[PDB]
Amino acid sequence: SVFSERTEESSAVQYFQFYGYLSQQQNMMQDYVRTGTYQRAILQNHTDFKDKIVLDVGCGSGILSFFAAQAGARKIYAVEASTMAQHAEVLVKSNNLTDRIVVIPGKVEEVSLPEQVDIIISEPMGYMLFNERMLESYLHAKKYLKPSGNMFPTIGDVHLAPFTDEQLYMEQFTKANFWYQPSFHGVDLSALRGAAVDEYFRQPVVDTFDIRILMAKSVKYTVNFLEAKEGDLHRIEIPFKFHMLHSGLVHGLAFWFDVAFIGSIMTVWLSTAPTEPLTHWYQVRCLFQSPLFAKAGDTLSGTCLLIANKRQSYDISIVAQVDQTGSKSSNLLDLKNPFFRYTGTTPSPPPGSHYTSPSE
């Protein structure tokens, strides 16, 4: 199948085993922003579902299928590849919906949907939108979408922005400098220091931050799920031309994403921006191995290139230069091995952000 060709079996095993746990489902359902927005997007576009046929890709607990039923769907085909599919079949029986929701255990690329649906609902967003490569499974499912059918979500908007966070950057060398001692229990570890630095810099940082660490308005790259094909997500070239609004050391690029459910009645937005309430996707920042000096009025240009891998993720290549000085910087990161930095502390504003006397 198409899924088997692009995924090493070792990746799918650990992947779907993860999603088999009700503790992981619960974590997602308890995300009020995620679950509430999906509920509103469906129930408030009830004409898009009333008496419609619905395909729920990666239904998990089937919670989205129940919202489709709550909106008046006629038949709902709920596809789930993890062993969560049997827990959803329990929910469907006990909610007395066996006549309207049909749980189909298996990967959407492998099951035989019997018919064509009028609308496809799914939650295929990984962190940085593209992780887990479920977007392709969401696009693959369009083989069951009747012509003139809809996709919930309809579009996805990944936002890039350059940030400054000296503490985040200096944390990398602080940790790797463990190896820079000549007599750790009598062993000289220093030869491995450069490797430790490279390892920590290959890691995207998954946490949140204060908006004021950004130094330029965000650049938005848009995937239209109604138009995009599977192969479009294998190579994702995201050119950027940021205009600096703040002077400082650029330490990397911050990422977040929004999706819009463009219904016949109203368009509902689910946004993981740093402006909005925190969601379980947080935000992701990619450091630069070497920071770039840029003043307000310079242009930071470069490309962010995402190359899908057989581990259901993306290899990230970020090149960036300050056009006025030519000083450039590269970095490669493994989206599959992020660093979960979030501690719960409300993010601190960058130093030197007080323009009036705080003592006043």
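The term rigid core refers to the maximal set of C-alpha atoms that superpose within 1.5 Å between the two forms. All residue numbers are counted from 1 along the displayed sequence.
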item	value
Core-aligned Cα RMS comparison in 9 other deposited structures of this protein - stretch that moves more, 161-169 or 182-190	182-190
Between stretches 269-277 and 171-179, more displaced by Cα RMS in 9 other deposited structures of this protein (rigid core superposition)	171-179
227-235 set against 194-202, stretch whose average Cα temperature factor tops the other in the entry	227-235
Higher-B stretch (mean Cα B-factor, as the entry records it), 309-317 or 50-58	50-58
Highest recorded Cα temperature factor - choice among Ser271, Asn131, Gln181, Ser112	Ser112
Selection from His159, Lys175, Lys75, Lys217 [criterion: highest C-alpha temperature factor in the record]	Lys75
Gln24 - Cα temperature factor, lowest/middle/highest third of chain	lowest
Where the record places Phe261 (Cα B-factor, split into thirds across the chain)	middle
CA B-factor placement of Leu333, once the chain's modelled residues are sorted into thirds	lowest
Chain thirds of CA B-factor: placement of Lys241	highest
Chain thirds of CA B-factor: placement of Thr208	lowest
